[PDB]
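One chain follows as structure tokens, the form deposited in one PDB entry.
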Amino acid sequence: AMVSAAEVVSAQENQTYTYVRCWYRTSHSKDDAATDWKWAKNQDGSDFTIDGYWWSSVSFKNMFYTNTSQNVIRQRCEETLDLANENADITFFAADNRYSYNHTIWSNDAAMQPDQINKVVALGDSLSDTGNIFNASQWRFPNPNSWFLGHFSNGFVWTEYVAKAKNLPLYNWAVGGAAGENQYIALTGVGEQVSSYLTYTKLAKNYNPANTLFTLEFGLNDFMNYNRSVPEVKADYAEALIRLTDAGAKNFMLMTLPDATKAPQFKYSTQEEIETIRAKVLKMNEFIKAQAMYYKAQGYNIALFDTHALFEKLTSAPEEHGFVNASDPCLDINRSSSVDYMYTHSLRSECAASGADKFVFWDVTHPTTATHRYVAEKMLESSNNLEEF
């Protein structure tokens, strides 16, 4: 059951209030990842507060549960900041004071919800993480001057673009790792993400898992550091889907893995290492397609997007997709060291000239926010903008 019914009522009845931290990109340019924050206000100038309750598992990572909708909170942030900036890329969190870390706000659903997708729940790695490893690392990994507030990019990741296009709240369980290295590998596992999603949603009011759109992508971390073999990663992926569908999940956005060996990171790897990872990716992608077919045959709503085929096109012919460069990071990083994520980096001259929206890669591994937007747009086109869901 994860949390007893008694524990749930006791936590839900422990009613209180908290404040809202409104984050925003300080520059009008997506070349600058730097952010700042302001407390949300009401139109009369008074502090905006939200009512609800706190809950943390043995993780001690506190989530605030409110009846106030994500749209109302976003609206308060937008009006408070009054930034005539198209690239403000506003995000928000619960915080009692300046000492507080960035707590996720869960907006409780109404008892009478229509049978329709009303939220996005993301699971995965640094292709989806919006702040979990950042929060875990105490706002250090990745550096907030060169990576957009805990996202491994210069802005929003594909899940945020998918959720925004559909005007849906996004709740993130994805956790960034370290490409080609062993840092955080016992903490980033999809098993722990599914367990966490199953524990925290038990505290939500009127939660109907049938109304959640689940996104899932992982396996590249394990293939890059040799932590889990192809069959071990296939088993982990199959387990995540078994556990989620057994817990009432009905809707999934699945994707094949892009060939990470096409990223700037692998300029510094040996050909032997590259061919090994490429082969694991190809093997995993056939399994992902088989899993999508398996759940579709059982009557689940599955949208499978071939991200692998898209990144093959993006890296071989960037000019056909609106990019000038798919071979270098936009940031002036010329090695593959996890240590670089702790520091500030200038843009390399070619990226300063063209703008970050014309580069496929932000750093040696991760796509820029323009690439994330393109992937989101291509996925939304393949799924005919909520067709099966």
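Just so we're on the same page, rigid core means the largest C-alpha set that superposes within 1.5 Å between forms. Heads up: residue numbers just count along the shown sequence, starting at 1.
Novice: Averaged over C-alpha atoms, is the B-factor higher for 342 to 350 or for 360 to 368 in this PDB entry?
Specialist: Averaged over C-alpha atoms, the B-factors run higher in 342 to 350.
Novice: Identify the stretch, either 231 to 239 or 135 to 143, whose C-alpha atoms have the larger mean B-factor according to the entry.
Specialist: Of 135 to 143 and 231 to 239, the stretch with the higher C-alpha B-factor average is 135 to 143.
Novice: Kindly indicate the residue among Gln70, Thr35, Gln43, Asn67 with the greatest C-alpha B-factor in the PDB record.
Specialist: Spelled out: the listed residue with the top C-alpha B-factor is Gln43.
Novice: Looking at the entry's B-factor column for C-alpha atoms only, identify whether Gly150 ranks in the lowest, middle or highest third of its chain.
Specialist: It falls in the bottom third of the chain.
Novice: If you rank the chain by CA B-factor, which third does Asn206 end up in: lowest, middle or highest?
Specialist: For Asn206, the deposited C-alpha B-factor lands in the middle third.
Novice: Could you look up the Cα B-factor of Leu314 in the entry and say which third of the chain it sits in: lowest, middle or highest?
Specialist: It falls in the top third of the chain.
Novice: Which third of the chain does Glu160 land in by C-alpha B-factor: lowest, middle or highest?
Specialist: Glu160: CA B-factor falls in the lowest third of its chain.
Novice: Lowest, middle or highest third: where is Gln298 by C-alpha B factor in its chain?
Specialist: Middle third of the chain for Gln298's C-alpha B-factor.
Missing here is the form deposited in another entry; even so, the following discussion is about that form.
Novice: Any idea which of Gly180, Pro264, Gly219, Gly150 has its C-alpha shifted 2 Å or more between the shown form and the other one with the rigid core fixed?
Specialist: Going through each option, the one that shifts is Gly180.
Novice: Hey, does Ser316 budge by 2 Å or more at the Cα between the shown form and the other one once the core is superposed?
Specialist: Comparing the forms between the shown form and the other one, which are aligned on their rigid core, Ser316 does not shift its C-alpha by 2 Å or more.
Novice: For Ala204, is the C-alpha shift between the shown form and the other one 2 Å or more after core superposition?
Specialist: No, because once the rigid core is superposed, the C-alpha of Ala204 moves less than 2 Å between the shown form and the other one.
Novice: So, does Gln75 move by 2 Å or more at the CA between the shown form and the other one, with the core held fixed?
Specialist: Shift at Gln75: below 2 Å after core fit.
Novice: Answer with closer or farther for the CA-CA spacing of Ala179 and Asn145 in that other deposited form compared to the shown form; it moves by 3 Å or more.
Specialist: Closer is correct, given that in that other deposited form the C-alpha spacing of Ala179 to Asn145 is reduced by at least 3 Å.
Novice: Hey, the CA atoms of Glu272 and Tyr184 end up closer or farther in that other deposited form than in the shown form, with the change being 3 Å or more?
Specialist: Relative to the shown form, the pair is farther apart.
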